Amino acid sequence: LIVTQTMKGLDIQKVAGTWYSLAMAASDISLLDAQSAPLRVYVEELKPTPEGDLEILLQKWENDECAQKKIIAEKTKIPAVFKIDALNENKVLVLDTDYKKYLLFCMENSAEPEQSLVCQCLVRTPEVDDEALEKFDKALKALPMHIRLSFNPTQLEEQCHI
């Protein structure tokens, strides 16, 4: 109940493949602040299952290394919303995608909204896609975002973005 965009007609099987987290933004600086921040996740691959869940492979700096992660987000009745499993009732919404060049997703908590929201602009290749960043930046003005990170091709090709 804070992300007012959601993609109609999502073919979740088609968003499979490798992805780059070109940009990311959050509702609070603490979430994207340092390399070991909570929602500073770098996405590598998206893996839908035949039943319809979504397996995410990502990287995240943690105990001071760059560690791979495996996260699986489960199907709901709304084709563009998935539930990741943790202590908290946390939700993934696919905002938009042409399957071939970009995907915009946000990641909010059930809990308290301005305390939750993180969004990313995924692109298929290590290239700065301006119109991808246009749609990401325009889906995001209707949100209360306070920190915006953005990465360049050289960082897009290195573990944890340098």
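Position 1 is the first residue in the sequence shown; the rest follow in order.
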Given 71 to 79 and 85 to 93, the range whose Cα B-factors average higher in the PDB entry: 85 to 93
Between 152 to 160 and 2 to 10 (mean CA B-factor, as deposited), the higher: 2 to 10
Which of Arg124, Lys47, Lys135, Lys60 ranks first by CA B-factor in the deposited coordinates: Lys47
Member of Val15, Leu22, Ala25, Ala142 with the greatest C-alpha B factor (per the PDB record): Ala142
Chain-relative CA temperature factor third for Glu114: highest
Ranked C-alpha temperature factor of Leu103 among modelled chain residues, by third: lowest
For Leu54, the third of its chain into which the C-alpha B factor falls: middle
Among modelled residues of the same chain, the CA temperature factor third for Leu39: highest
Record-listed C-alpha B factor of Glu65: chain third: highest
